[PDB]
Structure formats: C-alpha cells, structure tokens
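A quick write-up on the structure given underneath.
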Amino acid sequence: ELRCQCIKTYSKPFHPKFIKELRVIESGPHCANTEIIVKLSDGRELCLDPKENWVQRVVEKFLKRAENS
C-alpha cells in the first residue's frame with residue numbers, strides 16, 4: 001500500500017530548476033490526497049502542496065518537457 005510519506009507539505013513557493021528530482025506521488029487507497037515530492041540540488045527533500053497554484057504550475061512547467069523520442 002505505502003501511505004503518504006509526507007505528513008506535511010510546502011505552502012511557500014520557490015523556483016523549480018533548483019529541484020534536481022521533482023517526483024509527485026500518485027493517489028489511491030494508500031493515500032486519497034495526492035502529494036508532490038521535489039529534491040533540491042542541496043540534497044534536500046520538500047513535499048509540495050497542490051492546493052496552491054504555484055505548486056501545480058511549477059510541477060506542470062517542470063514536468064512538461066522532452067520526455068521520450
């Protein structure tokens with residue numbers, strides 16, 4: 001199952017290119033609410049809150065890019 005590994009999230013906004021690895025966690029029975037999880041280049045890990053418009057815009061601008069082919 002693996003429930004939400006982030007009990008709290010990030011409400012303050014920040015520039016995305018700093019994130020070396022932006023990976024969001026999917027939702028399901030393990031966790032009804034979806035949670036984001038970026039990894040700052042300084043070796044930090046901050047879960048983001050999609051309730052804001054910057055977290056969802058930052059994840060969209062960071063995810064929307066060359067993926068394959």
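Identifiers in this document derive from the order of the structure tokens: chains are assigned A, B, ..., residues are numbered from 1 separately in each chain, and ligands are numbered from 1 in order of occurrence.
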
Nearby residues (only C-alpha atoms) at most 12 Å from stretch 50-58 of chain A, same-chain spacing under 6 positions excluded, as a count of residues only: 23

Please provide as a tab-separated table (two decimals) with C-alpha atoms, in the first residue's frame all residues within 9 Å of residue A:30, with the sequence filter that same-chain residues fewer than 2 positions apart are discarded (counting only C-alpha atoms).
chain	number	residue	atom	x	y	z
A	1	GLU	CA	0.00	0.00	0.00
A	2	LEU	CA	2.57	2.65	1.12
A	3	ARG	CA	0.54	5.58	2.54
A	4	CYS	CA	1.56	9.24	2.04
A	27	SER	CA	-3.21	8.82	-5.24
A	28	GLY	CA	-5.17	5.65	-4.33
A	32	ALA	CA	-6.62	9.65	-1.07

Residue nearest residue A:63 - candidates A:39, A:46, A:31, A:21, atoms counted: only C-alpha atoms: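 When distances to residue A:63 are compared using only C-alpha atoms, the smallest one comes from A:21.
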
Residues flagged helix (DSSP H, G or I) by DSSP in stretch 1-61 of chain A, as a list in words: residues 53, 54, 55, 56, 57, 58, 59, 60 and 61 of chain A

Print the selection's residues with N, CA and C atoms to a file, as a PDB file, in the first residue's frame.
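The new file again.pdb reads:
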ATOM      1  N   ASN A  53      -1.497  27.448  -6.411  1.00  0.00           N
ATOM      2  CA  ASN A  53      -1.462  27.500  -7.897  1.00  0.00           C
ATOM      3  C   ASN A  53      -0.007  27.508  -8.373  1.00  0.00           C
ATOM      4  N   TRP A  54       0.926  27.794  -7.492  1.00  0.00           N
ATOM      5  CA  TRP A  54       2.352  27.810  -7.892  1.00  0.00           C
ATOM      6  C   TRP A  54       2.903  26.387  -7.867  1.00  0.00           C
ATOM      7  N   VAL A  55       2.484  25.592  -6.917  1.00  0.00           N
ATOM      8  CA  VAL A  55       2.971  24.181  -6.849  1.00  0.00           C
ATOM      9  C   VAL A  55       2.459  23.426  -8.081  1.00  0.00           C
ATOM     10  N   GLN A  56       1.216  23.634  -8.439  1.00  0.00           N
ATOM     11  CA  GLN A  56       0.644  22.941  -9.625  1.00  0.00           C
ATOM     12  C   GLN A  56       1.204  23.561 -10.916  1.00  0.00           C
ATOM     13  N   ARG A  57       1.556  24.828 -10.890  1.00  0.00           N
ATOM     14  CA  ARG A  57       2.138  25.473 -12.103  1.00  0.00           C
ATOM     15  C   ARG A  57       3.609  25.074 -12.188  1.00  0.00           C
ATOM     16  N   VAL A  58       4.284  25.062 -11.061  1.00  0.00           N
ATOM     17  CA  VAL A  58       5.722  24.670 -11.031  1.00  0.00           C
ATOM     18  C   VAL A  58       5.858  23.205 -11.465  1.00  0.00           C
ATOM     19  N   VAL A  59       4.976  22.352 -11.004  1.00  0.00           N
ATOM     20  CA  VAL A  59       5.041  20.912 -11.393  1.00  0.00           C
ATOM     21  C   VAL A  59       4.698  20.773 -12.885  1.00  0.00           C
ATOM     22  N   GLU A  60       3.790  21.581 -13.386  1.00  0.00           N
ATOM     23  CA  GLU A  60       3.421  21.497 -14.825  1.00  0.00           C
ATOM     24  C   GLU A  60       4.569  22.036 -15.687  1.00  0.00           C
ATOM     25  N   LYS A  61       5.133  23.165 -15.324  1.00  0.00           N
ATOM     26  CA  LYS A  61       6.258  23.738 -16.114  1.00  0.00           C
ATOM     27  C   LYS A  61       7.481  22.813 -16.031  1.00  0.00           C
TER      28      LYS A  61
END

Expected answer as an NGL selection string: strand (DSSP E or B) residues in chain A: :A and (10 or 19 or 23-25 or 35-40 or 44-46 or 48)

Export of the given selection (N, CA and C atoms) as a compact mmCIF listing (two decimals), in the first residue's frame:
# COMPACT_ATOMS: atom_id res chain seq x y z
N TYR A 10 4.49 21.76 1.37
CA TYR A 10 5.13 23.09 1.26
C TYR A 10 4.12 24.13 0.76
N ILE A 19 15.18 22.31 -8.10
CA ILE A 19 14.82 20.88 -7.87
C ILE A 19 15.60 19.98 -8.83
N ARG A 23 9.49 14.56 -8.26
CA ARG A 23 8.63 13.37 -8.50
C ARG A 23 7.37 13.46 -7.62
N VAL A 24 6.21 13.46 -8.23
CA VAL A 24 4.94 13.54 -7.45
C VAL A 24 4.43 12.13 -7.13
N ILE A 25 3.78 11.96 -6.01
CA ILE A 25 3.25 10.61 -5.64
C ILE A 25 1.80 10.48 -6.11
N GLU A 35 0.25 13.94 -3.34
CA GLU A 35 1.31 14.79 -2.73
C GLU A 35 2.51 14.89 -3.67
N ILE A 36 3.13 16.05 -3.75
CA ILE A 36 4.32 16.21 -4.64
C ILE A 36 5.60 16.00 -3.80
N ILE A 37 6.70 15.67 -4.43
CA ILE A 37 7.97 15.47 -3.66
C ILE A 37 9.18 15.86 -4.52
N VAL A 38 9.69 17.04 -4.32
CA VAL A 38 10.87 17.50 -5.10
C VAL A 38 12.14 17.24 -4.29
N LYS A 39 13.28 17.31 -4.93
CA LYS A 39 14.57 17.08 -4.21
C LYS A 39 15.54 18.22 -4.58
N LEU A 40 15.61 19.23 -3.75
CA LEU A 40 16.51 20.39 -4.02
C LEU A 40 17.94 19.93 -4.30
N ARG A 44 18.18 18.32 -0.45
CA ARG A 44 17.00 18.50 0.45
C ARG A 44 15.77 17.84 -0.18
N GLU A 45 14.77 17.56 0.62
CA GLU A 45 13.52 16.93 0.08
C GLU A 45 12.32 17.68 0.66
N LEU A 46 11.55 18.32 -0.18
CA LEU A 46 10.37 19.09 0.33
C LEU A 46 9.11 18.61 -0.38
N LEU A 48 5.52 19.16 -1.85
CA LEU A 48 4.76 20.37 -2.21
C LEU A 48 3.26 20.14 -2.06
